[PDB]
Amino acid sequence: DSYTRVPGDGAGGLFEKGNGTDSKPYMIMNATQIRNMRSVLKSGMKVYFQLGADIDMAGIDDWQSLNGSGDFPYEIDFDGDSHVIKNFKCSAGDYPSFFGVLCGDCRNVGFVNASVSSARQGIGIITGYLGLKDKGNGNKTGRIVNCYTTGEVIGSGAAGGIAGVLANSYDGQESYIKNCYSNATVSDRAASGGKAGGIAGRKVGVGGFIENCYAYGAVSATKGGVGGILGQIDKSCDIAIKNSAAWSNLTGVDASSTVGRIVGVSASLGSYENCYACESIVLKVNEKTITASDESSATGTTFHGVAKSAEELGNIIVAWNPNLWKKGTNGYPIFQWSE
């Protein structure tokens with residue numbers, strides 16, 4: 001029985017149609033239906049969802065993340081089908097975000113004017129964790145592909161425009177973020193050990209990557225690491241970041257902060273290719289402007305990539321996938337289907 005006002009196919013009318021399988025995904029046409037997702041999750045198998053329209057979540061106060069609690073038992077396949085979810089808000093429950101912990105796939109969705117906040121946990125708009133670390137079952141990895149976010153993220157211990165924490169790769173599957181952008185303001189307000197990134201706050205485990213991503217929302221931490229793409233790589237962990245660009249202003253408030261155009265902390269643990277930053281971004285630590293030097297690998301804490309002009313970056317980003325990306329009228333690339 002539904003907890004919402006909507007309402008047999010579509011789980012008896014909770015959705016427009018479908019049964020949560022690959023061939024019959026639960027089809028979501030409005031925000032009341034999107035609020036029924038939690039009711040049809042299954043601890044024993046991945047459940048499939050698809051958007052059939054843009055979804056405006058204005059006036060929705062009762063979201064808690066789909067898979068942020070317990071042992072994170074719910075695997076999810078989500079296809080936005082090139083639609084947007086507007087005015088999504090979450091500031092309560094475990095891992096405030098859309099998914100909480102994403103085990104499975106999210107593709108082809110934009111979040112417009114989202115607002116997610118936590119005083120206690122590391123978060124992003126789409127998910128808190130993308131994948132789980134070092135599980136025995138590859139179905140616990142997670143991928144976000146062809147997605148974007150705008151709005152605001154406030155976390156504590158990690159903050160990313162897309163995900164709080166990216167996990168790793170094992171058992172024949174990989175965790176990654178690919179062909180995504182964000183314009184969200186991203187802030188890690190932890191008193192110490194902040195991990196703020198334009199795309200992801202933190203990376204855990206060995207294996208996993210970020211590819212064909214850029215960000216342009218302001219990224220900051222009260223006291224910690226700030227990166228245009230990634231805040232922190234954990235000790236004894238790694239990442240690859242390839243064909244990506246930083247286009248955000250980056251601010252570490254405390255003097256002990258580290259700011260990297262691409263990666264903010266333990267950047268030498270990563271492997272990089274074709275990483276760029278707009279020449280006009282402003283980097284600050286303790287209110288003092290910092291210069292960054294061009295580099296294509298990291299030898300120390302931060303990784304800055306190579307500076308490019310706005311015009312150059314527009315060329316570069318669209319070339320990542322000309323069927324997906326387009327130049328925006330204000331210089332910032334977006335998707336062909338972006339609102």
Side-chain angles (χ1 to χ4, degrees), residues 1-21 24-42 46-69 74-88 90-102 104-118 123-128 130 144-154 161-164 180 182-185 334-335 337-339:
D1 70 30
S2 81
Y3 79 107
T4 70
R5 68 183 173 277
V6 161
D9 195 19
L14 293 179
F15 299 90
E16 165 65 17
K17 64 181 185 179
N19 69 2
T21 63
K24 307 183 94 179
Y26 288 127
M27 189 66 74
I28 298 157
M29 301 297 292
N30 63 43
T32 302
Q33 294 178 0
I34 217 167
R35 292 162 62 241
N36 294 329
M37 294 177 67
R38 61 170 131 211
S39 310
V40 294
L41 297 174
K42 295 174 71 176
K46 185 161 68 183
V47 175
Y48 292 69
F49 302 90
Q50 191 166 316
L51 300 182
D54 293 345
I55 308 294
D56 188 333
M57 294 182 73
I60 301 314
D61 294 337
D62 67 343
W63 194 263
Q64 297 185 3
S65 70
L66 292 160
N67 192 44
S69 67
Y74 301 130
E75 296 167 32
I76 297 167
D77 189 278
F78 189 93
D79 183 10
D81 194 30
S82 306
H83 301 283
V84 298
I85 299 171
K86 303 194 64 158
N87 304 319
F88 167 60
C90 183
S91 62
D94 288 344
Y95 295 110
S97 64
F98 194 76
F99 295 110
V101 173
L102 181 55
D105 289 85
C106 177
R107 61 188 169 294
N108 313 313
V109 68
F111 288 79
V112 171
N113 190 44
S115 177
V116 300
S117 186
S118 173
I123 65 171
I125 283 159
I126 304 192
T127 197
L130 181 54
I144 295 174
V145 181
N146 313 329
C147 295
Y148 78 92
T149 69
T150 87
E152 65 175 349
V153 174
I154 302 171
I162 303 295
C180 296
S182 184
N183 183 27
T185 62
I334 61 174
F335 301 153
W337 52 265
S338 297
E339 191 177 66

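One-based numbering along the sequence shown.
A donor-acceptor distance shorter than 3.5 angstrom exists from the side chain of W63 to the backbone of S97, with no hydrogens or angles considered. Using a distance-only test at 3.5 Å, with no hydrogens or angles considered, a donor-acceptor pair links the side chain of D9 to the main chain of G18. Proximity of a side-chain donor or acceptor of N67 to a complementary backbone N or O of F99 within less than 3.5 Å is not detected. In terms of modelled atom types and a separation under 3.5 Å, the side chain of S65 and the main chain of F98 share no donor-acceptor contact.
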Apply side chain to side chain contact (heavy atoms under 4.5 Å, CB included) to residues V6 and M29 and explain how you reach the verdict.
CA-CA 11 Å; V6 161; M29 301 297 292; over 6 Å; no
Full working for side chain to side chain contact (heavy atoms under 4.5 Å, CB included) between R107 and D77
CA-CA 8 Å; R107 61 188 169 294; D77 189 278; 2.9 Å; yes
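Side-chain contact between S2 and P7 is present, with heavy atoms from C-beta onward closer than 4.5 Å. Looking only at side-chain heavy atoms (C-beta outward), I85 and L51 come within less than 4.5 Å of each other.
Residue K46 places its NZ atom among more than 12 non-hydrogen atoms of other residues, nucleotides or ligands, all under 6.0 Å distant.
Shown here for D62 and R38, the closest heavy-atom pair between the two residues is O-NH2, 2.7 Å. Taking both residues in full, the closest heavy atoms of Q64 and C90 are given as CA-SG, 4.2 Å, listed atom of the first, atom of the second, then distance. The minimum heavy-atom distance linking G124 with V153 is given by the pair CA-CG1, 4.3 Å. Here the shortest heavy-atom pairing between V116 and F88 reads CG1-CE2, 3.8 Å. Across all their heavy atoms, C180 and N146 have their closest contact at SG-N, 4.0 Å. Between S118 and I123 the shortest heavy-atom distance is N-CD1, 3.7 Å.
Ring pair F78/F49 is tilted by interplanar angle, where 30° to 60° counts as tilted.
Residues passing the side chain to side chain donor-acceptor pair (under 3.5 Å) test with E75, sequence neighbours excluded: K140. In this view, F335 and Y148, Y181, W325, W337 satisfy the ring-ring contact (aromatic ring centres under 6.0 Å, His included) rule, not counting sequence neighbours. Scored by the side chain to side chain donor-acceptor pair (under 3.5 Å) test, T149 finds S182 as partners (sequence neighbours excluded).
In this model, a donor atom of one side chain and an acceptor atom of the other lie less than 3.5 Å apart for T4 and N36. No donor-acceptor contact under 3.5 angstrom links the side chains of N108 and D81, judged on distance only.
Annotation: the span from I28 atom CD1 to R35 atom CZ amounts to 12.5 Å, rounded to 0.5 Å. With values rounded to the nearest 0.5 angstrom, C147 atom SG is found 12.0 Å from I125 atom CD1. Once rounded to the nearest 0.5 Å, the distance linking CG of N183 with CD1 of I334 reads 11.0 Å. In this structure, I76 CD1 and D105 CG are separated by 11.0 Å, a value rounded to the nearest 0.5 Å. In this structure, the separation between CG on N87 and CE on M57 is 9.5 Å, given to the nearest 0.5 Å. Atom CD1 in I126 sits 5.0 Å away from atom CZ in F111 (nearest 0.5 Å).
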